[PDB]
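For reference, my_file_22.pdb is printed below; it contains PDB, C-alpha atoms (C1' of nucleotides).
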```
MODEL        1
ATOM      1  CA  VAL A  91     211.471  21.011 -39.600  1.00  0.00           C
ATOM      2  CA  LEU A  92     210.810  17.301 -39.290  1.00  0.00           C
ATOM      3  CA  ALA A  93     214.025  15.380 -38.570  1.00  0.00           C
ATOM      4  CA  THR A  94     214.810  17.948 -35.916  1.00  0.00           C
ATOM      5  CA  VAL A  95     211.999  20.275 -34.919  1.00  0.00           C
ATOM      6  CA  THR A  96     213.398  23.782 -35.387  1.00  0.00           C
ATOM      7  CA  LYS A  97     217.142  24.383 -35.948  1.00  0.00           C
ATOM      8  CA  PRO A  98     220.284  22.304 -35.333  1.00  0.00           C
ATOM      9  CA  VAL A  99     223.326  24.397 -34.387  1.00  0.00           C
ATOM     10  CA  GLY A 100     225.190  24.354 -31.107  1.00  0.00           C
ATOM     11  CA  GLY A 101     226.422  21.786 -28.615  1.00  0.00           C
ATOM     12  CA  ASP A 102     228.812  18.935 -29.366  1.00  0.00           C
ATOM     13  CA  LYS A 103     231.964  21.040 -29.378  1.00  0.00           C
ATOM     14  CA  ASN A 104     233.777  17.827 -30.327  1.00  0.00           C
ATOM     15  CA  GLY A 105     232.446  14.386 -31.161  1.00  0.00           C
ATOM     16  CA  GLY A 106     229.748  14.458 -33.813  1.00  0.00           C
ATOM     17  CA  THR A 107     227.114  16.853 -35.144  1.00  0.00           C
ATOM     18  CA  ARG A 108     225.255  19.762 -33.547  1.00  0.00           C
ATOM     19  CA  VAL A 109     221.524  19.056 -33.217  1.00  0.00           C
ATOM     20  CA  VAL A 110     219.186  20.716 -30.713  1.00  0.00           C
ATOM     21  CA  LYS A 111     215.479  20.296 -30.003  1.00  0.00           C
ATOM     22  CA  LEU A 112     212.606  22.603 -29.094  1.00  0.00           C
ATOM     23  CA  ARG A 113     209.141  21.816 -27.711  1.00  0.00           C
ATOM     24  CA  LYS A 114     210.126  18.316 -26.643  1.00  0.00           C
ATOM     25  CA  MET A 115     207.905  15.424 -25.562  1.00  0.00           C
ATOM     26  CA  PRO A 116     205.747  15.696 -22.452  1.00  0.00           C
ATOM     27  CA  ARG A 117     207.597  14.188 -19.505  1.00  0.00           C
ATOM     28  CA  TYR A 118     204.388  13.145 -17.733  1.00  0.00           C
ATOM     29  CA  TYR A 119     201.001  12.273 -19.208  1.00  0.00           C
ATOM     30  CA  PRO A 120     198.122  12.635 -16.715  1.00  0.00           C
ATOM     31  CA  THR A 121     195.931   9.595 -16.220  1.00  0.00           C
ATOM     32  CA  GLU A 122     192.891  11.325 -17.754  1.00  0.00           C
ATOM     33  CA  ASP A 123     192.697  14.595 -19.690  1.00  0.00           C
ATOM     34  CA  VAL A 124     189.825  16.942 -20.531  1.00  0.00           C
ATOM     35  CA  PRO A 125     189.328  18.247 -24.090  1.00  0.00           C
ATOM     36  CA  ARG A 126     189.052  21.427 -26.080  1.00  0.00           C
ATOM     37  CA  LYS A 127     191.011  24.434 -24.849  1.00  0.00           C
ATOM     38  CA  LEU A 128     188.058  26.558 -24.238  1.00  0.00           C
ATOM     39  CA  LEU A 129     187.968  29.389 -26.804  1.00  0.00           C
ATOM     40  CA  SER A 130     187.171  33.014 -27.708  1.00  0.00           C
ATOM     41  CA  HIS A 131     183.906  32.135 -29.546  1.00  0.00           C
ATOM     42  CA  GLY A 132     182.484  35.681 -29.459  1.00  0.00           C
ATOM     43  CA  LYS A 133     182.454  36.094 -25.654  1.00  0.00           C
ATOM     44  CA  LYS A 134     184.974  38.928 -25.498  1.00  0.00           C
ATOM     45  CA  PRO A 135     187.132  39.526 -22.416  1.00  0.00           C
ATOM     46  CA  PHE A 136     186.677  42.541 -20.173  1.00  0.00           C
ATOM     47  CA  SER A 137     189.416  44.474 -21.962  1.00  0.00           C
ATOM     48  CA  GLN A 138     187.148  44.857 -24.997  1.00  0.00           C
ATOM     49  CA  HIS A 139     183.635  45.344 -23.599  1.00  0.00           C
ATOM     50  CA  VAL A 140     181.732  48.518 -24.420  1.00  0.00           C
ATOM     51  CA  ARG A 141     182.006  51.226 -21.770  1.00  0.00           C
TER
ATOM     52  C1'   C B   1     215.596 -20.675 -41.624  1.00  0.00           C
ATOM     53  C1'   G B   2     219.333 -17.652 -45.194  1.00  0.00           C
ATOM     54  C1'   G B   3     218.744 -13.187 -46.291  1.00  0.00           C
ATOM     55  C1'   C B   4     215.785  -7.270 -46.119  1.00  0.00           C
ATOM     56  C1'   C B   5     214.501  -3.453 -43.275  1.00  0.00           C
ATOM     57  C1'   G B   6     212.830  -1.426 -38.732  1.00  0.00           C
ATOM     58  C1'   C B   7     212.491  -1.464 -33.323  1.00  0.00           C
ATOM     59  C1'   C B   8     214.107  -2.374 -28.318  1.00  0.00           C
ATOM     60  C1'   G B   9     217.600  -3.743 -24.640  1.00  0.00           C
ATOM     61  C1'   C B  10     222.803  -4.411 -23.019  1.00  0.00           C
ATOM     62  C1'   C B  11     228.051  -3.038 -24.020  1.00  0.00           C
ATOM     63  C1'   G B  12     232.212  -0.125 -25.847  1.00  0.00           C
ATOM     64  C1'   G B  13     233.404   4.648 -27.906  1.00  0.00           C
ATOM     65  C1'   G B  14     234.382  10.086 -29.185  1.00  0.00           C
ATOM     66  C1'   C B  15     232.160  13.419 -25.367  1.00  0.00           C
ATOM     67  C1'   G B  16     230.674  19.259 -22.487  1.00  0.00           C
ATOM     68  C1'   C B  17     226.252  24.213 -19.568  1.00  0.00           C
ATOM     69  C1'   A B  18     223.708  26.063 -26.945  1.00  0.00           C
ATOM     70  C1'   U B  19     224.293  18.367 -26.523  1.00  0.00           C
ATOM     71  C1'   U B  20     221.384  15.721 -21.580  1.00  0.00           C
ATOM     72  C1'   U B  21     219.139  14.605 -17.475  1.00  0.00           C
ATOM     73  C1'   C B  22     217.973  16.128 -12.363  1.00  0.00           C
ATOM     74  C1'   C B  23     217.029  20.279  -8.985  1.00  0.00           C
ATOM     75  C1'   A B  24     215.816  25.039  -6.233  1.00  0.00           C
ATOM     76  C1'   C B  25     214.110  30.014  -7.664  1.00  0.00           C
ATOM     77  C1'   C B  26     211.843  34.032 -10.862  1.00  0.00           C
ATOM     78  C1'   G B  27     209.736  35.118 -15.329  1.00  0.00           C
ATOM     79  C1'   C B  28     204.002  34.390 -12.213  1.00  0.00           C
ATOM     80  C1'   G B  29     205.170  33.563 -20.119  1.00  0.00           C
ATOM     81  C1'   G B  30     201.685  29.940 -23.762  1.00  0.00           C
ATOM     82  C1'   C B  31     197.875  26.413 -22.288  1.00  0.00           C
ATOM     83  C1'   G B  32     194.491  22.874 -19.002  1.00  0.00           C
ATOM     84  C1'   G B  33     191.279  22.432 -14.911  1.00  0.00           C
ATOM     85  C1'   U B  34     190.301  25.293 -10.001  1.00  0.00           C
ATOM     86  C1'   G B  35     189.275  29.235  -5.649  1.00  0.00           C
ATOM     87  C1'   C B  36     189.195  28.170   1.487  1.00  0.00           C
ATOM     88  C1'   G B  37     184.370  30.844   2.810  1.00  0.00           C
ATOM     89  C1'   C B  38     181.376  35.459   1.725  1.00  0.00           C
ATOM     90  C1'   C B  39     180.653  38.956  -2.462  1.00  0.00           C
ATOM     91  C1'   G B  40     180.536  42.265  -6.414  1.00  0.00           C
ATOM     92  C1'   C B  41     181.106  43.886 -11.796  1.00  0.00           C
ATOM     93  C1'   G B  42     180.804  44.198 -17.479  1.00  0.00           C
ATOM     94  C1'   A B  43     179.398  42.549 -22.298  1.00  0.00           C
ATOM     95  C1'   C B  44     177.052  38.782 -25.997  1.00  0.00           C
ATOM     96  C1'   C B  45     172.520  35.246 -26.065  1.00  0.00           C
ATOM     97  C1'   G B  46     167.403  32.971 -24.821  1.00  0.00           C
ATOM     98  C1'   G B  47     162.811  33.655 -22.502  1.00  0.00           C
ATOM     99  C1'   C B  48     159.423  37.052 -20.895  1.00  0.00           C
ATOM    100  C1'   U B  49     156.948  41.787 -18.347  1.00  0.00           C
ATOM    101  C1'   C B  50     156.948  46.888 -19.356  1.00  0.00           C
ATOM    102  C1'   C B  51     158.411  52.392 -20.899  1.00  0.00           C
ATOM    103  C1'   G B  52     159.515  56.395 -24.505  1.00  0.00           C
ATOM    104  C1'   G B  53     159.885  58.349 -29.457  1.00  0.00           C
ATOM    105  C1'   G B  54     158.717  58.365 -34.151  1.00  0.00           C
ATOM    106  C1'   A B  55     156.812  57.492 -39.609  1.00  0.00           C
ATOM    107  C1'   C B  56     151.985  55.084 -42.497  1.00  0.00           C
ATOM    108  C1'   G B  57     147.177  52.860 -45.079  1.00  0.00           C
ATOM    109  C1'   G B  58     141.807  52.790 -45.349  1.00  0.00           C
ATOM    110  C1'   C B  59     136.694  55.350 -44.065  1.00  0.00           C
ATOM    111  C1'   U B  60     131.513  58.842 -46.418  1.00  0.00           C
ATOM    112  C1'   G B  61     138.803  59.091 -50.696  1.00  0.00           C
ATOM    113  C1'   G B  62     136.896  59.971 -42.938  1.00  0.00           C
ATOM    114  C1'   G B  63     132.551  62.699 -39.156  1.00  0.00           C
ATOM    115  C1'   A B  64     132.780  67.018 -36.531  1.00  0.00           C
ATOM    116  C1'   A B  65     135.431  71.130 -35.353  1.00  0.00           C
ATOM    117  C1'   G B  66     139.272  75.453 -35.642  1.00  0.00           C
ATOM    118  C1'   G B  67     140.292  80.368 -39.458  1.00  0.00           C
ATOM    119  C1'   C B  68     139.342  84.533 -42.821  1.00  0.00           C
ATOM    120  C1'   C B  69     134.078  85.070 -44.584  1.00  0.00           C
ATOM    121  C1'   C B  70     131.360  87.780 -48.192  1.00  0.00           C
ATOM    122  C1'   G B  71     126.100  89.180 -51.577  1.00  0.00           C
ATOM    123  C1'   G B  72     120.558  86.638 -50.566  1.00  0.00           C
ATOM    124  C1'   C B  73     116.193  83.478 -48.920  1.00  0.00           C
ATOM    125  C1'   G B  74     113.652  81.995 -44.516  1.00  0.00           C
ATOM    126  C1'   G B  75     112.493  79.748 -39.771  1.00  0.00           C
ATOM    127  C1'   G B  76     112.867  79.428 -34.396  1.00  0.00           C
ATOM    128  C1'   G B  77     114.446  80.192 -28.948  1.00  0.00           C
ATOM    129  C1'   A B  78     113.988  85.169 -26.441  1.00  0.00           C
ATOM    130  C1'   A B  79     117.490  91.543 -27.581  1.00  0.00           C
ATOM    131  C1'   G B  80     120.551  97.320 -22.732  1.00  0.00           C
TER
ENDMDL
END
```
As structure tokens, the full file:
Amino acid sequence: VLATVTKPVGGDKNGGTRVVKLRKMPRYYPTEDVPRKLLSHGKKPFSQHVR
RNA sequence: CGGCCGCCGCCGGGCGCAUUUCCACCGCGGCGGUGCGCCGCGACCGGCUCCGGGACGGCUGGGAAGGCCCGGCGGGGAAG
């Protein structure tokens, strides 16, 4: 949940404990990002228009 | 500075493909922008310009017709 992200089991057949990650850090942050993933907002896609 | 805790770097360790990092290819999955050039389409919204159907209130509680007209008084145009 917080120490890990999702669920530690697996890996480390010998050695220590078995902890795995999911949805890790970004490996590359672009030098300038744009905001606000656009949205639905009431402008429905073509699948749902009225024939 | 002694001590407290955290962080970072270096080193030494167990260590194995479900740990990790790197790569090439499919998923062309979730998301961000975007096409090479020419186009088209649908729906929501704003702004107009029009078209077609309705239903209603008043008036002199509308005027005047339209319909079935019957028993009388007259008058006036012009009646096979």
Could the residues of chain B within 6 Å of chain A, counting only C-alpha atoms (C1' of nucleotides), be given as a PyMOL selection string, please?
-> chain B and resi 14-15+18-19+43
Next, write the just-selected residues to a file, as a PDB file, in the coordinates of the input, keeping C-alpha atoms (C1' of nucleotides) as the atom set.
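For reference, result-v6.pdb as written:
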```pdb
ATOM      1  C1'   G B  14     234.382  10.086 -29.185  1.00  0.00           C
ATOM      2  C1'   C B  15     232.160  13.419 -25.367  1.00  0.00           C
ATOM      3  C1'   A B  18     223.708  26.063 -26.945  1.00  0.00           C
ATOM      4  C1'   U B  19     224.293  18.367 -26.523  1.00  0.00           C
ATOM      5  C1'   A B  43     179.398  42.549 -22.298  1.00  0.00           C
TER       6        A B  43
END
```
Give the padded box for segment 66-75 of chain B as JSON: axis-aligned, covering all atoms listed in the file, 8 Å on each side, centre and edge lengths in Å to one decimal.
```
{"center_x": 126.4, "center_y": 82.3, "center_z": -43.6, "size_x": 43.8, "size_y": 29.7, "size_z": 31.9}
```
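Put simply, atom CA of residue 95 of chain A is 6.3 Å away from atom CA of residue 112 of chain A.
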Atom CA of residue 114 of chain A to atom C1' of residue 23 of chain B measures 19.1 Å
Å distance separating atom CA of residue 115 of chain A from atom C1' of residue 28 of chain B, one decimal place |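 So the answer is 23.5 Å.
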